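Taking it in order: structure first as structure tokens, then the write-up.
Residue numbers begin at 1 in each chain, while the letters A, B, ... track the order of the sequences. One-based numbering, in listed order, for ligands and for the atoms of each. Computed from heavy atoms alone, side chains included, the values below leave out hydrogens, waters and symmetry copies.
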Amino acid sequence: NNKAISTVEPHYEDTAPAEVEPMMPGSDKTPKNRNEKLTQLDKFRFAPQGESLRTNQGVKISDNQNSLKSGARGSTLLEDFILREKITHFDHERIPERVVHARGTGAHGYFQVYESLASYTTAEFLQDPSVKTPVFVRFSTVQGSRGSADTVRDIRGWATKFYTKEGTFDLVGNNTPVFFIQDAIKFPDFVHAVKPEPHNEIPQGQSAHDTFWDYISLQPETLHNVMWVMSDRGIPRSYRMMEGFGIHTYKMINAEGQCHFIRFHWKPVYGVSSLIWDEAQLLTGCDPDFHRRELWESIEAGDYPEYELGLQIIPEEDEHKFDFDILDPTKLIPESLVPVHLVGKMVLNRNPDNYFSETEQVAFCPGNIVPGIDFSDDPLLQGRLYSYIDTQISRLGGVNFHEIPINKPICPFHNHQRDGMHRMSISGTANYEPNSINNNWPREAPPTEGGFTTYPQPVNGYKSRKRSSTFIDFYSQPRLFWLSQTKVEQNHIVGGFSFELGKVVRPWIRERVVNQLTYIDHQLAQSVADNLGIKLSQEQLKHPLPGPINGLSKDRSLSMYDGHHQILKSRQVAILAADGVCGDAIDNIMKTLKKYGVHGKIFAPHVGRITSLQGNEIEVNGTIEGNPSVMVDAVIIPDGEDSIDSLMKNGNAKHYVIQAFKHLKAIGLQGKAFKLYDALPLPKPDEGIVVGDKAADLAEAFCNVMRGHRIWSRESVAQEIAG
Amino acid sequence: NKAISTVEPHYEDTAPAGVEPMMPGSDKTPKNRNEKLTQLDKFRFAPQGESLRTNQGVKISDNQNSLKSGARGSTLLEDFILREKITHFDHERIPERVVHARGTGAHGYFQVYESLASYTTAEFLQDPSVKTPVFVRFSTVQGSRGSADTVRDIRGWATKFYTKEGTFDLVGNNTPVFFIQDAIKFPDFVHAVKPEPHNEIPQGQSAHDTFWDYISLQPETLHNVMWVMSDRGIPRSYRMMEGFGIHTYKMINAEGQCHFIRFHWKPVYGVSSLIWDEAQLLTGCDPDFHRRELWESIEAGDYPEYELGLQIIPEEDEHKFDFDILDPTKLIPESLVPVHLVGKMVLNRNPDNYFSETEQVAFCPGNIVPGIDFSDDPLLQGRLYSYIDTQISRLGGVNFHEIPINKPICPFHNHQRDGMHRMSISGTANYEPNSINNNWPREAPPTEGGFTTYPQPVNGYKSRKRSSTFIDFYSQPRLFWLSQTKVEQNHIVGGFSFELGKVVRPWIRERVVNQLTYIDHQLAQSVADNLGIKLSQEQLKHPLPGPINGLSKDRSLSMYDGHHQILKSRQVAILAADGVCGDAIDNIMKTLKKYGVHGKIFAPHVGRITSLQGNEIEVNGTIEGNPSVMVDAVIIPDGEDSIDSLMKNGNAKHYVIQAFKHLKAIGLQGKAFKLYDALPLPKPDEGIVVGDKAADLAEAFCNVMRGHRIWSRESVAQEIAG
Ligand code: HEM
Ligand code: HEM
């Protein structure tokens with residue numbers, strides 16, 4: 001009554017209750033994680049504690065619940081400037097999404113070099129190991145719009161902004177070492193092919209449709225990066241557990257004018273780990289924010305994303321020594337031939353305060369580079385230089401987007417540029433160079449004092465539109481990639497191809513792709529052709545295959561699961577429990593998990609607390625229904641007679657074990673919890689099943705099984721299970 | 001050579017020398033024509049035999065390479081072809097709509113059954129011979145452009161009527177009420193339901209803290225929360241949901257008589273919904289399910305069909321109800337005021353280009369025509385200023401009416417000039433009154449059709465204040481609750497319990513169920529239990545609202561009470577492998593075809609399977625790529641070899657378990673029961689149809705399907721692991 005009426009009257013009272021945790025802005029949750037960039041952004045942060053609600057002109061608002069009307073039942077008056085300003089700001093909140101990589105996630109951190117790279121570059125942020133260079137990273141997918149799901153099969157973008165004392169350096173990479181195309185002129189064609197089709201805008205976040213594969217079949221240059229995205233690299237488990245690549249060959253110029261060709265790498269301290277397809281798909285349905293959320297909670301937990309910056313270094317005289325052109329972006333440089341030197345460390349240790357201000361409005365370009373780094377003649381990179389700044393003029397509202405806080409450098413940046421939309425700087429001095437009325441300040445900087453110069457590379461040829469003959473080589477590296485994959489990874493590649501072409505309606509497109517696969521590997525083609533009902537002619541089964549690359553038929557560095565570099569720390573475990581559960585078994589599991597930095601979450605039939613058979617309340621993390629097995633790495637079911645009975649009448653709790661089994665995950669069953677597995681149509685316990693009566697001992701064995709990531713041996717029987 | 005060819009200019013042919021792919025509407029249904037579509041032909045491009053050119057008309061010889069300083073050199077700034085191709089691509093994107101960003105569009109027409117001159121002078125409602133063109137966009141609310149179709153959300157429903165007396169936009173939703181009463185709260189409500197601003201989580205979901213925090217503090221939202229928590233929030237198709245303009249409008253007739261009006265759309269294909277677990281899985285394996293369903297249904301001839309209905313109230317009965325008809329959180333119960341079906345709308349042509357037509361279409365509630373008018377509903381009043389304001393940024397300026405999909409098909413002369421991308425070239429005087437052009441174009445007198453506002457009396461004081469008569473938050477939620485079948489009530493409890501499960505701060509969940517105790521004590525207790533909340537004795541005694549003009553239920557607010565289930569156009573999976581019974585499929589298909597139902601053969605691989613009779617039969621797609629959640633029901637024909645392979649296949653055994661848990665009809669012919677009996681599934685209930693003869697098993701199968709879902713199965717479905 002009075003309580004009812006009060007909700008639609010001005011709210012002058014406290015609303016919060018009188019006084020495990022939700023996600024919060026980084027300033028709230030990790031204020032002790034600072035850097036120079038974050039300190040610069042503080043000038044723009046708002047502390048509204050104890051402030052009046054106001055208009056943008058600073059007028060206190062007395063009634064935020066009602067429009068100005070002519071009678072409390074009347075027509076709204078045009079003179080309600082508060083209503084119109086509030087609605088008008090609302091009406092204009094949206095800006096264009098990125099034309100590609102629209103779906104992204106940001107975090108702040110810092111970078112340090114291990115020791116001076118002055119033997120190879122003058123670049124300031126690689127000279128001094130004591131400097132902490134602030135960074136901001138945006139991870140992304142490629143195909144989908146804002147609001148598409150995270151765990152699609154797709155390439156992942158990886159864009160790092162280095163706020164150095166001598167300029168902002170943008171390393172704009174992907175999570176695979178090659179790209180689909182060789183020349184930038186094909187990029188709108190390729191992108192249009194993979195994007196939703198123009199008549200119906202179908203499908204979202206997916207390459208599994210006609211026009212993408214039509215384009216692949218007609219442009220063999222794409223086959224290499226298709227193999228990468230068709231592998232499990234196409235569905236990583238976390239942005240903390242994938243590799244990063246600059247793809248293009250850059251140049252690094254040292255203080256002696258010498259040039260070294262270089263390729264950029266990010267190696268993850270937490271290993272390289274991926275989902276499997278069926279699990280990646282179900283995750284898009286039940287948590288489209290899975291990667292965004294995982295990254296966010298990673299930082300709040302102190303499991304900071306941590307990556308080592310690696311360089312491949314090739315002397316100028318060595319440019320032409322490989323079977324491939326090192327300026328070809330569909331070619332990787334196998335790490336067997338040119339090792340990766342780890343030269344520094346990046347840590348992401350603080351989430352943003354405002355997604356839109358920081359992550360949405362950030363602007364990265366390959367062209368922003370700093371003295372000591374320079375471009376190569378890669379024709380894809382050369383085209384990128386012009387696109388990033390062009391697109392951002394309309395995405396971010398004009399030529400002054402570097403004045404938006406997240407984009408500003410931390411060093412001076414005086415010049416003679418003036419005006420443009422939303423000009424924030426205010427300049428009084430002469431706006432032309434050379435001038436004498438200001439004694440020509442600001443002034444050009446000699447190269448020996450840090451002024452950018454281009455390396456004087458020789459240029460000889462004719463003005464020409466032509467693909468380099470040194471680029472015509474489309475199958476060598478797809479075949480190298482294939483042969484470096486373990487048996488399971490090859491099977492999943494076959495699954496990627498077979499699932500995707502399965503969604504292509506036009507039959508000639510599937511046959512044209514399968515025909516391209518016969519030039520990569522005959523068994524790969526045969527396996528895919530079988531899943532599609534295609535019969536391969538005797539000719540196709542004899543098609544010529546490429547030979548080794550500079551002596552190499554394999555390179556283990558291209559396999560995710562051969563290197564045995566799986567990391568246990570920071571993984572997520574479901575503890576299925578209900579009322580009547582053994583409280584001390586849970587307590588001992590949580591000690592063993594925390595010992596190895598693993599995160600156990602109690603999932604129950606309802607939120608709140610459950611009561612252990614010892615009568616203590618145990619906090620719940622979520623419900624079994626809202627937290628499917630696809631959201632965790634392994635499942636442990638502790639004991640408690642009444643807990644198990646309850647879990648056996650819950651189809652979700654039982655499906656939890658069938659699903660986790662089919663996704664090759666480790667399952668621990670303490671004591672009478674084995675009844676659940678038994679009830680299910682599940683075969684004999686394999687290596688990935690850990691049964692035991694004492695909790696701390698079950699959990700130790702359970703963690704050791706987790707060290708293998710997935711139980712690949714199980715894959716054949718797992719297919720048979722109805723789940 | 002084959003390889004070299006692909007990186008050189010492509011002067012040769014590339015074409016080779018359900019069953020068919022989705023295509024532009026101009027290619028598949030060219031015979032479905034209307035006046036707006038003929039106007040759009042003026043802007044269609046036919047590229048057969050044409051050269052690839054720049055935008056200035058210059059022929060391009062090599063679309064494969066940048067201009068370089070040599071074949072391995074540096075790209076040249078003078079390559080204008082490269083820069084023009086890249087620049088256009090760089091600026092393809094325009095802002096998404098601030099709400100309803102995620103949407104699907106189709107063309108069609110509308111006919112009035114008989115003249116409505118008794119009520120309105122609106123030209124498109126006068127003459128039943130006219131086919132007045134329309135364009136409809138369906139949408140969700142919360143999610144951005146690439147979010148899933150089958151989220152739990154309100155669905156937007158926007159119809160543009162291209163009439164000869166102006167373009168009229170009917171911009172409504174699929175539930176008869178909105179969340180809030182005054183437009184000034186729209187940014188607050190929308191911010192609360194949208195992803196939260198620090199992390200931009202979560203997408204296409206209200207299941208998070210800020211949304212329920214807002215609900216808990218704004219009881220006026222509760223009524224439409226009930227609607228979204230019910231199965232209304234997850235419809236099966238845009239063809240099977242209802243539509244409402246929600247606001248009370250006005251219709252004025254030739255005599256100057258005013259009637260209050262509320263708009264309705266009633267689906268000829270009935271009102272059907274998904275269930276929550278099936279909706280959520282559908283967003284994983286097909287985020288485009290509704291967009292695809294609408295497109296294919298039009299290419300198949302199952303044209304969406306809706307009847308435009310009107311609740312009509314004489315201006316004198318404005319105050320005859322226990323609620324304010326100006327309150328957009330209130331519906332008018334169809335018992336109290338029946339809905340008159342006044343005409344039909346059919347959607348029968350897909351667009352040619354999604355971006356040109358669906359993305360660029362602009363609809364505003366302020367786009368009315370002579371014969372319709374506004375009421376003093378304070379939410380509608382704010383909407384009049386917002387639609388046009390936002391379209392200036394989203395669509396590039398004030399000339400967005402000149403974009404083809406947005407143009408009227410009547411004349412539209414005035415004195416407006418310039419603006420960004422001005423298309424028309426106007427030679428005459430640009431002010432009124434003028435003499436140098438004898439004042440053309442001229443004002444139209446009302447008796448010749450010039451718009452006038454009905455002279456409604458206006459009295460009071462300039463004030464910011466919620467009308468006393470708007471302060472009724474709990475009565476219509478209760479009406480809606482008591483009007484639901486038992487299974488629909490359970491599903492509402494499900495929505496509340498799942499959603500509040502994702503809320504982190506406990507006090508928000510507690511404050512929300514506390515609000516539920518003022519709607520129905522047993523709804524509050526069910527939801528409180530699912531969340532571990534113990535209700536106090538005081539809470540359990542909380543006063544409940546009485547009836548509304550003597551009404552305690554209204555059957556029309558229920559989906560599954562008045563048997564609104566249509567069978568025509570449903571989708572049936574047919575699980576077949578190599579070794580299936582040929583004659584069975586034929587007789588299944590002939591039976592399904594007899595009823596307007598589409599059956600789709602799903603096999604382990606794509607292409608063809610061979611029957612035990614040795615013939616080949618076309619597959620529609622894999623079992624793996626088309627889970628049970630995409631079809632209305634499953635049928636498994638016989639064929640010992642088919643059954644044997646299916647039983648080795650995890651997906652096909654799960655197909656039936658999942659079909660079962662989602663309460664769908666499962667047909668099993670012959671030894672197909674071999675497969676059912678192998679799974680942990682109970683004895684065949686009323687929605688499990690066995691039989692050895694296909695036509696009979698199909699006929700009985702199609703008749704279980706008429707009930708939409710086996711609601712009885714619900715209790716045993718919960719315990720099935722799957
Ligand atoms: C080596 C292959 C390429 C890689 C690894 C790459 C990487 C990326 C990444 C990671 C982003 C997202 C940056 C962010 O988070 O804001 C991006 C955006 C973009 N890229 Fe690429 N890209 C490549 C090729 C191309 C090409 C060939 C073009 C066209 C010439 C292009 C044009 C763009 C544009 C316009 C954007 C959006 C920029 C913005 O709106 O801020 N990229 N690229
Ligand atoms: C009765 C409750 C409301 C309903 C049924 C409603 C319905 C809709 C629908 C269906 C759309 C999508 C139209 C399309 O497909 O393009 C939409 C968009 C929009 N609405 Fe509402 N709305 C309501 C209340 C509001 C309010 C209170 C405001 C703010 C004053 C508002 C502002 C907008 C804006 C700015 C758009 C985007 C328009 C565009 O970008 O073209 N609406 N509304």
Side-chain angles (χ1 to χ4, degrees), chain A residues 83 87 90-91 94 96-102 104 106 137-140 142 155-159 170 172-176 178-181 183-188 190-191 245-248 329 359 362-366 378 380-392 394-396, chain B residues 82 86 89-90 93 95-101 103 105 136-139 141 154-158 169 171-175 177-180 182-187 189-190 244-247 328 358 361-365 377 379-391 393-395:
Chain A
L83 167 66
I87 301 307
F90 173 73
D91 294 337
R94 301 296 178 261
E97 68 183 21
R98 293 163 177 71
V99 64
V100 281
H101 300 258
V137 173
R138 182 167 179 288
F139 301 104
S140 57
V142 190
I155 294 295
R156 298 313 193 280
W158 186 336
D170 287 356
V172 184
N174 283 347
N175 71 337
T176 70
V178 287
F179 199 54
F180 295 94
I181 56 167
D183 192 307
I185 197 180
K186 298 309 297 169
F187 195 66
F190 171 79
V191 170
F245 308 82
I247 296 183
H248 307 297
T359 300
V362 75
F364 294 98
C365 222
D378 183 327
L380 198 75
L381 164 78
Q382 297 259 314
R384 286 175 79 197
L385 305 188
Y386 166 85
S387 177
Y388 286 75
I389 165 84
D390 181 41
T391 198
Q392 284 149 14
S394 79
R395 179 164 75 82
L396 292 175
Chain B
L82 165 71
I86 304 291
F89 166 86
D90 293 349
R93 301 299 171 251
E96 75 181 12
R97 297 160 169 74
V98 58
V99 282
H100 302 257
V136 171
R137 190 173 176 277
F138 303 108
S139 63
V141 182
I154 302 278
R155 296 311 189 281
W157 189 334
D169 286 323
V171 186
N173 282 334
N174 76 333
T175 80
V177 301
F178 201 62
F179 292 98
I180 58 156
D182 188 305
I184 196 172
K185 303 307 293 172
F186 198 64
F189 176 81
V190 166
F244 313 80
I246 295 180
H247 310 288
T358 302
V361 70
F363 300 98
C364 221
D377 165 358
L379 195 75
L380 168 80
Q381 295 254 306
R383 291 177 70 204
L384 307 185
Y385 165 80
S386 176
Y387 286 71
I388 174 173
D389 171 41
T390 192
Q391 276 144 17
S393 261
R394 177 164 77 73
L395 288 178

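Among A/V142, A/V100, A/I181, the one residue that satisfies the side-chain contact (heavy atoms from CB on, under 4.5 Å) test with A/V191 is A/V100.
Ring orientation note: the planes of A/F187 and A/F179 are tilted relative to one another, at an angle of 30° to 60°.
For A/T391, there are no side-chain hydrogen bond (donor to acceptor under 3.5 Å, both in side chains) partners at least two apart in sequence or on another chain. For A/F364, there are no ring-ring contact (aromatic ring centres under 6.0 Å, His included) partners two or more places apart in sequence or in a different chain. Residues satisfying the ring-ring contact (aromatic ring centres under 6.0 Å, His included) test with A/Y386, not counting sequence neighbours, are none.
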Distances under 3.5 Å, N/O of ligand 2 against N/O of the protein: list each pair and its distance.
from     : atom 1 : to     : atom 2 : distance (Å)
ligand 2 : 15 (O) : B/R137 : NH1    : 2.9
ligand 2 : 16 (O) : B/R97  : NE     : 3.0
ligand 2 : 20 (N) : B/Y387 : OH     : 2.6
ligand 2 : 22 (N) : B/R383 : NE     : 3.4
ligand 2 : 22 (N) : B/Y387 : OH     : 2.8
ligand 2 : 40 (O) : B/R394 : NE     : 2.8
ligand 2 : 41 (O) : B/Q391 : NE2    : 2.9
ligand 2 : 41 (O) : B/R394 : NE     : 3.4
ligand 2 : 41 (O) : B/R394 : NH2    : 2.7
ligand 2 : 42 (N) : B/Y387 : OH     : 2.9
ligand 2 : 43 (N) : B/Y387 : OH     : 2.5

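A 4.5 Å side-chain heavy-atom check between B/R97 and B/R394 finds at least one atom pair inside the cut-off.
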